[PDB]
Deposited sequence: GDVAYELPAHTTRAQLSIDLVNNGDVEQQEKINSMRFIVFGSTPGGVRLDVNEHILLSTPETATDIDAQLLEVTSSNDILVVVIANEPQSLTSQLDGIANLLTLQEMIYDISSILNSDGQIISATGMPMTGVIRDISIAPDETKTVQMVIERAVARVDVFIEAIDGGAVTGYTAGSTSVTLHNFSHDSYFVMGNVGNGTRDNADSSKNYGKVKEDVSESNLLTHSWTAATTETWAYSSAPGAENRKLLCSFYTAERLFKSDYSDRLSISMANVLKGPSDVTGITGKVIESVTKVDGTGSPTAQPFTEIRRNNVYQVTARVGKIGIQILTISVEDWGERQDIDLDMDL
């Protein structure tokens, strides 16, 4: 009748997020049909990372086909919905506002934490059998980093507390909450039937955000040949939802900057440059720029403002390290 399923979360190391809340939603095929088997919400007194978390034993109903959804650091706004979930596809329809997990300064509220999700499919367990299922969970947000970079042959650059600013256009905080992983075979799979999770499309101008982020500190720096040098310095970070850009690419991310220091006695900026291409630098032999068609969850989009003699050149890369 019953079986024991041990879920062991994996990262495969030091920058992995602390977990305050855990939720295990198990679905299984019964003779009568698909039914919710387990919905368990565990609250951790000592927040720990996915590697520090011991395998979680779940008492399940033996089935030839079981689907497990794991949710870490769920926003308080979805707990009422999650506690009352009954259907798997109604879960896939659940949307959340990223603005919930963010404070006044635009950074994650440490107390609720970074929401993470993962889905694993096609689990077979027989009565009284014990199985360990190893799975990955990914962050339910994307990050847009903005850097100022001093380059060889360029001018002395920097930012000033009062006037240097950066404005990001067409970002959104409207996202589908649960999303499967490539690592668990529940994303970018051959047949869409083995995939889990929806991604936002044709976002309204109402849902597209714009936010200015004036510098707090002041520092100037010139290009250095030395190894200890930090020529590429971070100015600001923005959080955006995972979504597909429209066909016309009218909602593509845009950036503008003001009073970026250029030379000893001048400044320079950007006025609405669209981020039309991104270079995925995930492997040393992967330096190819591609069209920016999708904002993808658990990826950091790093926009760099390269300061030359005459002005700024914006270059954007895709990284998976937070």
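Trainee: May I ask you to mark the stretches of the deposited sequence that the structure leaves without C-alpha coordinates?
Mentor: Model skips 1-11, 24-25, 336-347 of the deposited chain.
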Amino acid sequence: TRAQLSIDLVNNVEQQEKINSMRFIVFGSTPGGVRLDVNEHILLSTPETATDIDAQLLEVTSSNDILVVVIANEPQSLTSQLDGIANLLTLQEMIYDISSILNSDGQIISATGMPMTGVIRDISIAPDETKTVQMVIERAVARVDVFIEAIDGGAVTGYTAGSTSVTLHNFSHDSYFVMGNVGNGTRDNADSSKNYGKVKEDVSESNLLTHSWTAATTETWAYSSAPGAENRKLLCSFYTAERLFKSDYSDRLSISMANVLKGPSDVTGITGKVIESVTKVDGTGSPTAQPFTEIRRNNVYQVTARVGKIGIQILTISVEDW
From here on, numbers count along this sequence of modelled residues.
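Trainee: Highest mean C-alpha temperature factor of the two stretches 208-216 and 221-229, which is it?
Mentor: Per the PDB entry, the higher value belongs to 221-229.
Trainee: Per the entry, where is the mean C-alpha temperature factor higher: 72-80 or 101-109?
Mentor: Between 72-80 and 101-109, it is 101-109.
Trainee: Taking the values straight from the PDB record, which of 43, 281, 255, 260 has the highest C-alpha temperature factor?
Mentor: Comparing C-alpha B-factors across 43, 281, 255, 260, the maximum falls on 281.
Trainee: In terms of CA temperature factor as recorded, identify the highest of 274, 36, 53, 58.
Mentor: Within the set 274, 36, 53, 58, 53 shows the top C-alpha B-factor.
Trainee: Using the B-factors in the PDB entry, rank residue 12's C-alpha atom against the chain and give the third, lowest, middle or highest.
Mentor: CA B-factor rank for residue 12: highest third.
Trainee: What third of its chain's C-alpha B-factors does residue 162 belong to: lowest, middle or highest?
Mentor: Answer is highest: the recorded C-alpha B-factor places it there.
Trainee: Select lowest, middle or highest to describe the third in which the CA B-factor of residue 189 falls within its chain in this entry.
Mentor: Tercile = highest for this residue's CA B-factor.
Trainee: Sort the modelled residues of this chain by their C-alpha B factor and say whether residue 173 lands in the lowest, middle or highest third.
Mentor: Tercile = lowest for this residue's CA B-factor.
Trainee: Per the entry's values, where does residue 270 land by CA temperature factor relative to the rest of its chain, in the lowest, middle or highest third?
Mentor: Middle third.
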